Structures are given as C-alpha cells and as structure tokens.
Amino acid sequence: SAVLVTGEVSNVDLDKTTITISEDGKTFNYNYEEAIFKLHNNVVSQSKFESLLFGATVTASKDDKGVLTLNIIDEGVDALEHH
C-alpha cells in the first residue's frame, strides 16, 4: 500500500467528490468516489468521511490493485461548518 501523500485537505468538491491534499509545498488531487474511507484507521462511510473532511489531515495510499484509501488522521469539519 504505497503512500502517495499525508497532509491537509483543501478544495473539497462534494458534488464532484474531489479533494486536494498538500504536503511540503506540493499538491495532490484525487477523485475519492471509489475510495476506501477511514477515520483514525477505522473504516467509515463516505458520509462520515465527508462530515470531517474540510481542513482534515489525510493519508492517501494505493494498494497493488490500484484501490485508493483515504484515512483521516486529524479531523476536519463538514461543508456547512467550513463556511
């Protein structure tokens, strides 16, 4: 499960299910539609994940089969709180 990046979520687009993750001045973009979602390594639903996603710290990783996992390390807030 190669790690792609660990860092802060920005630019959350819930409609397009896309995020940007930033680490060390670099930006990584993901469509999380088909991702496995975790919260402190606990598997969770998309909805739960999105509820804590804005400004979250997330690790993005991919197994040998190309399946994307997005794990919230440090909790963000929901779309409505973010405003």
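Per the entry's author numbering, numbering through the sequence shown is continuous, rising by one, with the last residue being 848.
Every residue gets a Cβ at the ideal spot worked out from N, C-alpha and C, and that includes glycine.
Query	Result
For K781, which of helix, strand or coil comes out of DSSP?	coil
Please classify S812 as buried or exposed, where buried requires at least 16 neighbouring CB atoms within 10 angstroms.	exposed
Tell me where the alpha helix (DSSP H) around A844 begins and ends.	844-847
Leaving out the 5 sequence neighbours to the left and right, which residues in its chain are closer than 8 Å to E840 when beta-carbon positions are compared?	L804, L817, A821
When DSSP labels each residue in this structure, what does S812 get in the three-state scheme?	helix
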